[PDB]
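The block underneath contains the structure these notes are about, expressed in structure tokens.
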Amino acid sequence: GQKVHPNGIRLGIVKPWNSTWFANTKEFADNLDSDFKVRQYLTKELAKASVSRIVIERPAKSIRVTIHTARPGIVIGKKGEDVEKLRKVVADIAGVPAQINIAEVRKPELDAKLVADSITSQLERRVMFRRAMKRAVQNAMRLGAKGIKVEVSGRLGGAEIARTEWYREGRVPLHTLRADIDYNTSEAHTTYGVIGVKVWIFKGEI
Amino acid sequence: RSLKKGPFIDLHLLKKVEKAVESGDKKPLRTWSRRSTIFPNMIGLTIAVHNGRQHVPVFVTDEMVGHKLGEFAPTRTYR
Amino acid sequence: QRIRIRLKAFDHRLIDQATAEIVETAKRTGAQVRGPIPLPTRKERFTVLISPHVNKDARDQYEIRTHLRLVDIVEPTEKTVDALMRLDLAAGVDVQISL
Amino acid sequence: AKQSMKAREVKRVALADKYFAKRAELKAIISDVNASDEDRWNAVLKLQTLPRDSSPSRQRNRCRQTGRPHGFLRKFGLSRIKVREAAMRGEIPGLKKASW
Amino acid sequence: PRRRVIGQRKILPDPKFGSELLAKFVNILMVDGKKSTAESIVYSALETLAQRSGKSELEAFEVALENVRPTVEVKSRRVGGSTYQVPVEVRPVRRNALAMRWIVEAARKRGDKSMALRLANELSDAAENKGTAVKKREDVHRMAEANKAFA
Amino acid sequence: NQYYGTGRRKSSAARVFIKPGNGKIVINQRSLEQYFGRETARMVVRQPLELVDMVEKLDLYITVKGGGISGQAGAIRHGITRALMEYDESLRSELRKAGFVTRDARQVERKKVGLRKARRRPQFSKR
RNA sequence: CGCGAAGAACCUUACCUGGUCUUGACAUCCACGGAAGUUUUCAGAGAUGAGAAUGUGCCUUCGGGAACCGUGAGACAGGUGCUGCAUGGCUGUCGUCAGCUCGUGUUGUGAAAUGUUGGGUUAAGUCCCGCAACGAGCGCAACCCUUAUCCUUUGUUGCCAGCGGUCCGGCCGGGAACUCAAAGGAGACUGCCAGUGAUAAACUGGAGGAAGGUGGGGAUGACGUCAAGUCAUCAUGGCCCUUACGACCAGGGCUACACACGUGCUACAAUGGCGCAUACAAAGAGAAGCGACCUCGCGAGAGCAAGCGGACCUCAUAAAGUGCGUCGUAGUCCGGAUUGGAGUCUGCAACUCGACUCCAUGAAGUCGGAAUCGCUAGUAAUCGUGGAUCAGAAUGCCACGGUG
């Protein structure tokens, strides 16, 4: 069977939204198309910087991007230098005057997006896929993830037929709404087409 | 029907017809305007209207006035 | 003069923090506050086909709730107009102000 | 859709803002109005000579991302497919799954 | 149903008479959830009845009904090819239901003008027992006695 | 004195005031006979005044919004019987047994994606 | 098989005909020239080709650079081209079925087994008791939304019980009770009583309660199954085309019709048709928008023009119902297909091919062979209302209440 998206069923229960601005119907489609391009930019720039999550709010006129990332140093560059040359190409893309922030991520082993990006990276430099999965599971479980499954898919070690090996460890309860199930996803672009990588990460409940 | 504030014709047909009334009748006009109401001033002429490939000769009678040009080129073959 | 503040916002906990600021801010700077009366709540609905090609009965029905609050102020001081103008709330609240 | 077909829906917006939005909104009133002039329209014949893609009728909506003609939704400017992809990440605010 | 042994719903009694058994008759006669116009037809064709068979309006029904009420029916039942019509002694409640239902399928079949005519004449002829609703009860009591063997 | 009840059924919401003294039934400033032009709907607003006594004993002024006829009826029925238990109290025993105290929970089932109505599936074809 | 398509006149468009372009309709890079833009002009079906005017936003260690346009040659672009049997992503399906597994132990040369079976019980591998098993995980259940009772707070644009006044209108003083609105809480757990039962789990009944044994409805779809579906949403490995399979335009086509099937709507009529009066909803939408009042028109509509980003205004008179009249079992005052005439509106444009109105015309059809579908209660049946898509184009789709 097909599963509901575990982020999406849990919005306004235990997960919060990422675009958190109000509009009326004139300017709604435009805000969406701005917020798309401000994310489609900041993903392409900060690929090395290890970015979990780009929140956007819109107070007043102005746009306010928070970034969450494993590596604050490489975004802030030196004296900002890089923060401040992000702002003035963001503030074109919005139209309004901008404001970038940063947060850490303390445990990059427990973010779904970063675990997936990680695994997806290793698969493009031709690492054996069972090692790449199984490192990632161990790493989360020694830093106290209550559980974690990962699930790669489709031409693994350059086979001619697609398969999906997956590998749980601990508890991962996806029909429990109360459960914080950090989830995310990534495509590895290899010489054998794409390989897709899901990652769930239970962290406990309420 | 086009409500009674207008009837309709293309300029490139209107002016090409004013010529071959005024100058004198001739080899037929090649229009693609199928959407154009036959006026009184067009009578007698042969117009050759586009069916989708061939232009098809239409001798404009008195009785045709009011009908559209496209009504006398059929588009689809059938048996 | 009557000034009245229609607050509206997609989150119901975010809006009645922003209300409870404004009811505090007016009372402290010398005014009689009315409300904050709850108006009804536009819930939109979008059904969408869910597969990329065919399967017409596979669907996903979303909603947006828009919560709406009203706060009338009957006695303005000269402070009370500027106390609320200078205030700044969360991003997901939309204020208005009629006169 | 194609790159050509996305380029065509910039071309058709470019015109209809420049022309009809001012200049044909004159002539659609001169072709209307019964209580002023019934002979020197001239304007019906002049409305043809405007470029054909100045009409807003001629504009399709595409999904501002994938360019897909069908499945559009005006509130979001998006295909049903991309609405749902974006909904579930939390990129459309206030939007959740409903039940009643 | 297999597990699900169940109660049943209290119908309101009939507002004119207070007759719970007659409310079931307007329900049976009702079409498309128009209980209104069922009641019009029924209350009418009891006036036309009770007038023309010496009075009592509850009890001109319950004489005509008592006549069509069955007492046995068949209940077809396969043994291994040929199929055995078994007579079975019918319940108290289902007696009325079958009676009421047959009256109305008889009334709905005739060629008088209104329905309140048609009904009145297949409650006349029930009480003086001819017409199609008792020709139904007789051709059910054949089948029970013709297959009395099998019980 | 004014003894009050609310009552509801389907989308109807009746509000029902009970005065002492006499026979009379008002309902959106109309007579009971004017408002309900169906006999079935009349002898369910009166129902609770039968198990409990009235000929000429309490007036009632009532108003009702929403639903249709037999909805509004049932709301009023329930509205009365809340108001009776305000006034007397120890009539609950008899009212409970006819079961007019039970707020009737039945709404319309919503319509469901895939189906023509609440439960009406479309016509299946094997082949 | 009313499926992609939540809406093919042009557009859409991917197809055909003819007419055009070749670093290109779309993007980056370098070179050189011009501020961008504005404004009519004659050819041509149109794409396209030949003409008047105009500033100079900006800084200039003053070269021009940046905004933007054309020209130039190649790196390239482009492809709704092929493969869903190379893929990701997304979906259908068995099936909301109660199952599917693991670790450590044990039995067996071994595949494997045990657990997971047995005795009860449950909607449930649900729970108890047993037993070489002891435990764990994904599922079931719960946690979420909605509906059913009450309480607290808060009263305008919603409300009007008790007060005064009235143009009889909550309309105007006022009221904060009530409905309603939307936040916060309470409530239902086999909790209490009796009996049945291995003192177990549970079951059957009872009380009080708005609701009683998962109270009703949704969301929630285990491991997997069918090389199921989709390269034409998107992404993508490979193959392929590159003065054409790419690109622009006008006209046509996707609406064809000896036929066969699917899914619907309307019927065949007195539980009815037509005419006149008259009552009771809910849920929605609205600024290149909804559009009142009044005036014109038989009508579709038109003219004028308040209000309303909306519990305020508009769409918007719910219809079945009810009362009074009328038709009399007739292919009819049932039925509305078809065709002729005349209009209205949207739109550059209704010929191919839109919807709606008026006058006329008045087919088939008298309840449907073999067969076959849906439904267990506010359900089926029947009655209207709204929405998305949308210039216009709903008998479809999604939603709402009525009767029942």
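Order determines the names: the first chain of the structure tokens is A, the second B, and so forth; residues in each chain are numbered 1 upward, and ligands are numbered 1 upward as they are shown.
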
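Using only C-alpha atoms, one finds that the residues of chain F close to chain C, at 10 Å or less, are residues 113, 114 and 115 of chain F.
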
If you run DSSP over the backbone, which residues in chain B end up strand (DSSP E or B)? Put them as a PDB file with N, CA and C atoms, in the first residue's frame.
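Generated output (part_12.pdb):
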```pdb
ATOM      1  N   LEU B  29     -10.970  35.142 -55.743  1.00  0.00           N
ATOM      2  CA  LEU B  29     -10.223  35.505 -54.533  1.00  0.00           C
ATOM      3  C   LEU B  29      -9.902  34.238 -53.736  1.00  0.00           C
ATOM      4  N   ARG B  30      -8.669  34.139 -53.233  1.00  0.00           N
ATOM      5  CA  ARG B  30      -8.292  33.097 -52.265  1.00  0.00           C
ATOM      6  C   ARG B  30      -8.318  33.673 -50.855  1.00  0.00           C
ATOM      7  N   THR B  31      -9.419  33.428 -50.147  1.00  0.00           N
ATOM      8  CA  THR B  31      -9.515  33.745 -48.726  1.00  0.00           C
ATOM      9  C   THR B  31      -9.354  32.502 -47.844  1.00  0.00           C
ATOM     10  N   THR B  37     -19.348  37.222 -42.813  1.00  0.00           N
ATOM     11  CA  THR B  37     -20.725  37.227 -43.298  1.00  0.00           C
ATOM     12  C   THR B  37     -20.718  37.735 -44.727  1.00  0.00           C
ATOM     13  N   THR B  46     -16.813  34.869 -57.849  1.00  0.00           N
ATOM     14  CA  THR B  46     -16.328  33.608 -57.283  1.00  0.00           C
ATOM     15  C   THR B  46     -15.272  33.902 -56.215  1.00  0.00           C
ATOM     16  N   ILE B  47     -15.562  33.460 -54.987  1.00  0.00           N
ATOM     17  CA  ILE B  47     -14.588  33.393 -53.897  1.00  0.00           C
ATOM     18  C   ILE B  47     -14.206  31.926 -53.661  1.00  0.00           C
ATOM     19  N   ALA B  48     -12.924  31.682 -53.375  1.00  0.00           N
ATOM     20  CA  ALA B  48     -12.391  30.329 -53.172  1.00  0.00           C
ATOM     21  C   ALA B  48     -11.950  30.134 -51.720  1.00  0.00           C
ATOM     22  N   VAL B  49     -12.837  29.563 -50.906  1.00  0.00           N
ATOM     23  CA  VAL B  49     -12.684  29.560 -49.447  1.00  0.00           C
ATOM     24  C   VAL B  49     -11.942  28.296 -49.036  1.00  0.00           C
ATOM     25  N   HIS B  50     -11.110  28.415 -48.002  1.00  0.00           N
ATOM     26  CA  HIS B  50     -10.276  27.309 -47.528  1.00  0.00           C
ATOM     27  C   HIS B  50     -11.085  26.304 -46.696  1.00  0.00           C
ATOM     28  N   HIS B  55      -8.548  25.269 -51.390  1.00  0.00           N
ATOM     29  CA  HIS B  55      -9.515  26.352 -51.549  1.00  0.00           C
ATOM     30  C   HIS B  55     -10.582  25.900 -52.541  1.00  0.00           C
ATOM     31  N   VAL B  56     -11.850  26.159 -52.216  1.00  0.00           N
ATOM     32  CA  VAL B  56     -12.999  25.601 -52.943  1.00  0.00           C
ATOM     33  C   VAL B  56     -13.830  26.754 -53.532  1.00  0.00           C
ATOM     34  N   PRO B  57     -13.958  26.818 -54.880  1.00  0.00           N
ATOM     35  CA  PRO B  57     -14.762  27.849 -55.558  1.00  0.00           C
ATOM     36  C   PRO B  57     -16.240  27.928 -55.138  1.00  0.00           C
ATOM     37  N   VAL B  58     -16.687  29.144 -54.821  1.00  0.00           N
ATOM     38  CA  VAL B  58     -18.060  29.430 -54.407  1.00  0.00           C
ATOM     39  C   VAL B  58     -18.567  30.624 -55.213  1.00  0.00           C
ATOM     40  N   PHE B  59     -19.437  30.362 -56.188  1.00  0.00           N
ATOM     41  CA  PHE B  59     -20.154  31.429 -56.888  1.00  0.00           C
ATOM     42  C   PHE B  59     -21.220  32.012 -55.967  1.00  0.00           C
ATOM     43  N   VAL B  65     -26.874  35.679 -49.204  1.00  0.00           N
ATOM     44  CA  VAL B  65     -26.506  36.874 -48.425  1.00  0.00           C
ATOM     45  C   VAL B  65     -27.080  36.817 -46.997  1.00  0.00           C
ATOM     46  N   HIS B  67     -25.733  34.277 -44.834  1.00  0.00           N
ATOM     47  CA  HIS B  67     -24.906  33.102 -44.520  1.00  0.00           C
ATOM     48  C   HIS B  67     -23.428  33.477 -44.400  1.00  0.00           C
ATOM     49  N   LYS B  68     -22.663  32.637 -43.704  1.00  0.00           N
ATOM     50  CA  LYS B  68     -21.203  32.795 -43.612  1.00  0.00           C
ATOM     51  C   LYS B  68     -20.495  32.142 -44.792  1.00  0.00           C
TER      52      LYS B  68
END
```

At a cut-off of 8 Å, can you tabulate as a tab-separated table every residue of chain G near chain C together with its closest atom pair and the distance in Å to one decimal, using only C-alpha atoms (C1' of nucleotides) and ordering rows by chain then number?
```
residue	atom	partner	partner_atom	distance
G:3	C1'	C:54	CA	5.9
G:4	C1'	C:54	CA	4.8
G:90	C1'	C:51	CA	5.9
G:91	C1'	C:51	CA	4.4
G:92	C1'	C:55	CA	6.6
G:154	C1'	C:37	CA	5.5
G:155	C1'	C:37	CA	6.3
G:156	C1'	C:37	CA	7.6
G:181	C1'	C:40	CA	5.8
G:182	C1'	C:38	CA	5.5
G:229	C1'	C:53	CA	7.7
G:230	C1'	C:53	CA	5.5
G:233	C1'	C:52	CA	6.8
G:311	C1'	C:40	CA	6.8
G:388	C1'	C:46	CA	7.8
G:398	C1'	C:47	CA	6.9
```

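Counting only C-alpha atoms (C1' of nucleotides), every residue of chain G that comes within 9 Å of chain B is listed here: residues 16, 17, 18, 45, 250, 251, 252, 253, 256, 343, 344, 345, 349, 350, 351 and 352 of chain G.
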
Would you pick out the contacts of residue 4 (chain A) at 10 Å or less, using only C-alpha atoms (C1' of nucleotides), so that residues sharing its chain but fewer than 5 positions from it are not included, and give the list as a PyMOL selection string? (chain A and resi 9+174-175) or (chain D and resi 88) or (chain G and resi 220-221)

For the selection just defined, write its residues with C-alpha atoms (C1' of nucleotides) to a file, as a PDB file, in the first residue's frame.
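Below you can see selection.pdb, which holds the result:
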```pdb
ATOM      1  CA  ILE A   9      -0.503  14.196   8.274  1.00  0.00           C
ATOM      2  CA  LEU A 174       3.786   5.748  11.748  1.00  0.00           C
ATOM      3  CA  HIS A 175       0.087   5.391  12.598  1.00  0.00           C
TER       4      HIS A 175
ATOM      5  CA  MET D  88       2.911  17.921   2.504  1.00  0.00           C
TER       6      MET D  88
ATOM      7  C1'   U G 220      -5.133   6.888   9.286  1.00  0.00           C
ATOM      8  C1'   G G 221      -3.732   1.566   4.230  1.00  0.00           C
TER       9        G G 221
END
```

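Using only C-alpha atoms, one finds that the residues of chain F close to chain D, at 12 Å or less, are residues 109, 110, 111, 112 and 113 of chain F.
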
Would you mind exporting C-alpha atoms of the selected residues as a CSV table (one decimal), in the first residue's frame?
```csv
chain,number,residue,atom,x,y,z
F,109,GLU,CA,-24.2,11.5,6.7
F,110,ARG,CA,-21.8,13.5,4.5
F,111,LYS,CA,-21.2,12.7,0.8
F,112,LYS,CA,-18.0,10.8,0.1
F,113,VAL,CA,-15.4,11.0,-2.7
```

Which residues come within 10 Å of region 49-55 of chain E, counting only C-alpha atoms (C1' of nucleotides), excluding same-chain residues fewer than 5 positions away, as a list in words? residues 43, 44, 60, 61, 116, 117, 119, 120, 121, 122, 123, 124, 127 and 128 of chain E

If you run DSSP on the backbone here, which positions in chain C get alpha helix (DSSP H)? Please write them as a ChimeraX atom specification. /C:12-28,78-85

Take the residues that were just selected and, keeping N, CA, C and O atoms, output them as a compact mmCIF listing (two decimals), in the first residue's frame.
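Everything below was put into part-v7.txt:
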```txt
# COMPACT_ATOMS: atom_id res chain seq x y z
N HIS C 12 -4.84 29.27 15.19
CA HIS C 12 -5.77 29.71 16.23
C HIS C 12 -5.10 29.99 17.57
O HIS C 12 -5.71 30.65 18.40
N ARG C 13 -3.89 29.48 17.79
CA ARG C 13 -3.09 29.82 18.99
C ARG C 13 -2.25 31.08 18.79
O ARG C 13 -2.01 31.82 19.74
N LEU C 14 -1.82 31.30 17.56
CA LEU C 14 -1.06 32.50 17.19
C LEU C 14 -1.91 33.76 17.23
O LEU C 14 -1.39 34.83 17.53
N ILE C 15 -3.20 33.64 16.94
CA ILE C 15 -4.08 34.81 16.85
C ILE C 15 -4.52 35.35 18.21
O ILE C 15 -4.68 36.56 18.36
N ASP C 16 -4.74 34.46 19.17
CA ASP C 16 -5.23 34.86 20.50
C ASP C 16 -4.11 34.98 21.56
O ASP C 16 -4.39 35.13 22.75
N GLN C 17 -2.85 34.93 21.11
CA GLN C 17 -1.77 35.70 21.73
C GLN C 17 -1.81 37.15 21.28
O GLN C 17 -1.70 38.06 22.11
N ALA C 18 -1.94 37.36 19.98
CA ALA C 18 -1.93 38.70 19.38
C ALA C 18 -3.12 39.57 19.80
O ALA C 18 -2.99 40.78 19.94
N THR C 19 -4.27 38.93 19.98
CA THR C 19 -5.42 39.53 20.67
C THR C 19 -5.05 39.96 22.10
O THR C 19 -5.17 41.14 22.44
N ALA C 20 -4.61 39.01 22.92
CA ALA C 20 -4.39 39.25 24.36
C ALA C 20 -3.29 40.29 24.68
O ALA C 20 -3.32 40.90 25.75
N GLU C 21 -2.34 40.48 23.76
CA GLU C 21 -1.49 41.69 23.72
C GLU C 21 -2.32 42.97 23.64
O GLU C 21 -2.16 43.87 24.47
N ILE C 22 -3.18 43.04 22.63
CA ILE C 22 -3.92 44.25 22.29
C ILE C 22 -4.97 44.63 23.35
O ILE C 22 -5.22 45.82 23.57
N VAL C 23 -5.57 43.63 23.99
CA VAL C 23 -6.49 43.88 25.11
C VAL C 23 -5.75 44.37 26.36
O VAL C 23 -6.27 45.22 27.09
N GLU C 24 -4.54 43.87 26.60
CA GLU C 24 -3.66 44.41 27.65
C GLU C 24 -3.16 45.83 27.33
O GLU C 24 -3.20 46.71 28.20
N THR C 25 -2.68 46.04 26.10
CA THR C 25 -2.03 47.30 25.70
C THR C 25 -2.97 48.51 25.77
O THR C 25 -2.54 49.61 26.13
N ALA C 26 -4.24 48.30 25.43
CA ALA C 26 -5.25 49.36 25.49
C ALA C 26 -5.70 49.68 26.91
O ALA C 26 -5.81 50.86 27.27
N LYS C 27 -5.97 48.65 27.72
CA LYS C 27 -6.43 48.83 29.10
C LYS C 27 -5.42 49.56 29.99
O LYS C 27 -5.80 50.36 30.85
N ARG C 28 -4.13 49.27 29.78
CA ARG C 28 -3.06 49.89 30.57
C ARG C 28 -2.88 51.38 30.23
O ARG C 28 -2.69 52.19 31.14
N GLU C 78 -5.01 59.88 23.17
CA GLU C 78 -3.93 60.14 22.19
C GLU C 78 -2.75 59.15 22.29
O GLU C 78 -2.05 58.94 21.30
N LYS C 79 -2.55 58.55 23.46
CA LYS C 79 -1.59 57.44 23.63
C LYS C 79 -2.06 56.17 22.93
O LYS C 79 -1.27 55.50 22.26
N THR C 80 -3.34 55.84 23.09
CA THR C 80 -3.89 54.53 22.71
C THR C 80 -3.89 54.27 21.20
O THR C 80 -3.85 53.11 20.78
N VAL C 81 -3.93 55.33 20.40
CA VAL C 81 -3.75 55.21 18.94
C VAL C 81 -2.29 54.88 18.60
O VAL C 81 -2.04 54.04 17.72
N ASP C 82 -1.34 55.52 19.28
CA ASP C 82 0.10 55.31 19.04
C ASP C 82 0.69 54.07 19.72
O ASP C 82 1.67 53.51 19.23
N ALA C 83 0.09 53.63 20.84
CA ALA C 83 0.51 52.39 21.52
C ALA C 83 0.28 51.14 20.67
O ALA C 83 1.08 50.21 20.70
N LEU C 84 -0.83 51.14 19.91
CA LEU C 84 -1.20 50.02 19.03
C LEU C 84 -0.55 50.09 17.65
O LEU C 84 -0.24 49.05 17.06
N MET C 85 -0.37 51.30 17.12
CA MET C 85 0.37 51.51 15.87
C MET C 85 1.84 51.06 15.97
O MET C 85 2.36 50.43 15.05
```

Should the cut-off be 10 Å, what would the residue list for chain F against chain E look like, counting only C-alpha atoms, as a ChimeraX atom specification? /F:38-44

Restricting the output to N, CA and C atoms, write the selected residues as a PDB file, in the first residue's frame.
```pdb
ATOM      1  N   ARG F  38     -49.512  20.348   8.470  1.00  0.00           N
ATOM      2  CA  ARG F  38     -49.507  18.891   8.377  1.00  0.00           C
ATOM      3  C   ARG F  38     -49.843  18.328   9.750  1.00  0.00           C
ATOM      4  N   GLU F  39     -50.754  17.354   9.778  1.00  0.00           N
ATOM      5  CA  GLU F  39     -51.282  16.797  11.031  1.00  0.00           C
ATOM      6  C   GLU F  39     -50.232  16.002  11.811  1.00  0.00           C
ATOM      7  N   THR F  40     -49.302  15.368  11.091  1.00  0.00           N
ATOM      8  CA  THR F  40     -48.213  14.590  11.702  1.00  0.00           C
ATOM      9  C   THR F  40     -47.265  15.443  12.542  1.00  0.00           C
ATOM     10  N   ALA F  41     -46.986  16.657  12.067  1.00  0.00           N
ATOM     11  CA  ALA F  41     -46.105  17.599  12.767  1.00  0.00           C
ATOM     12  C   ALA F  41     -46.754  18.249  13.992  1.00  0.00           C
ATOM     13  N   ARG F  42     -48.087  18.341  14.000  1.00  0.00           N
ATOM     14  CA  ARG F  42     -48.824  18.919  15.130  1.00  0.00           C
ATOM     15  C   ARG F  42     -48.780  18.003  16.345  1.00  0.00           C
ATOM     16  N   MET F  43     -49.182  16.751  16.155  1.00  0.00           N
ATOM     17  CA  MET F  43     -49.155  15.770  17.233  1.00  0.00           C
ATOM     18  C   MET F  43     -47.789  15.107  17.290  1.00  0.00           C
ATOM     19  N   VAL F  44     -46.733  15.919  17.195  1.00  0.00           N
ATOM     20  CA  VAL F  44     -45.500  15.716  17.973  1.00  0.00           C
ATOM     21  C   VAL F  44     -44.998  16.913  18.809  1.00  0.00           C
TER      22      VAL F  44
END
```
